[PDB]
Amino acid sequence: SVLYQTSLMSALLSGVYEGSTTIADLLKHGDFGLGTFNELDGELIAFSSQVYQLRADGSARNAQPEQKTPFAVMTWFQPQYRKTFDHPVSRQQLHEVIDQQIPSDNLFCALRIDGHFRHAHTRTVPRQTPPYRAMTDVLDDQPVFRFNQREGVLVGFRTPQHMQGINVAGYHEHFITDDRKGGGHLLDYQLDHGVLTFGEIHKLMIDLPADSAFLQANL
C-alpha cells in the first residue's frame, strides 16, 4: 500500500487553489482517499473507487472524472484490521482503538467506517475567488452541518506528526450519507453501531506539480 499525495498542503495554504490533476488521474493511484477541488470548491471523498464532491452547503454529489484537484491523498485500500461495534463509540474512542493497534505515530493509517452515526458534524470550505481571505476567516464564517441518526461511510487517514509541513498532521476524516446526497469534512462524530476497517501504510509518494503557481509559491 502507498499513500499517493498530489502536491503539498503548504502550497495549498499559500494560495495555490488550482491543479491540472483530474479525479480520473487520482483513481490511477488508488480507490480510496480525500482531497480538495479546484478553487477550493469543497472536498472529495473516495472509497471502492466511488468519488463524491462534498460542498459547503452540506451536499454530496457524484464527482465527475474530469474535475481537477490542487491537493489529494489516495491509496489502494488494503486494511489488515476489522472491528464491529454493537454499542455507541465516539470518534476519539475509535482513534484510541486504532492507535492501540498501530501505536507508532511514525506510520500512516487508512480507516473506513460503514455504519449508523448518532451524529456527524461537518464543515466544508466554499469556492474561493482571489484575492483570497485567510483560511481561518473563511472557516469562521462557514456553517456547521449536523447529520443526526444517519447510515453512511467515513473515510480517513492518520498522518504522522513528522509530516506536519507536507500534510494534515493527525486524523483527517470525511463523511457521506447512505443516500450519497449529504456529507462533509468531519469535526466530530459518534458511531451508534457499525464496522471499522483500517490498515497501516509504510510508503508515501509525493507528486509535485509543474503549474507556474506551484513552482513560484513561497514554502
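From 1 onward, residues are counted along the sequence shown.
J.: Going by the mean C-alpha B-factor recorded in the entry, which is higher: 116-124 or 96-104?
T.: Here the higher of the two C-alpha B-factor means belongs to 96-104.
J.: Which has the higher mean CA temperature factor in the PDB entry, 17-25 or 207-215?
T.: According to the PDB entry, the answer is 207-215.
J.: Whose CA atom has the top B-factor in the entry, of 71, 132, 77, 147?
T.: The C-alpha B-factor peaks, among 71, 132, 77, 147, at 132.
J.: Whose CA atom has the top B-factor in the entry, of 152, 30, 165, 194?
T.: Checking the PDB record, the top C-alpha B-factor among 152, 30, 165, 194 is at 165.
J.: Grab the CA temperature factor for residue 1 from the record and place it in the lowest, middle or highest third of its chain.
T.: Its C-alpha B-factor, which the entry lists for residue 1, ranks in the highest third among residues of this chain.
J.: Place residue 161 in the lowest, middle or highest third of its chain's C-alpha B-factors, as listed in the PDB entry.
T.: Its C-alpha B-factor, which the entry lists for residue 161, ranks in the highest third among residues of this chain.
J.: Lowest, middle or highest third: where is residue 60 by Cα B-factor in its chain?
T.: Lowest third - that is where residue 60 ends up once the chain's C-alpha B-factors are sorted.
J.: Comparing against every modelled residue in the chain, figure out the third that the C-alpha B-factor of residue 40 lands in (lowest, middle or highest).
T.: Its C-alpha B-factor belongs to the middle third of this chain's values.
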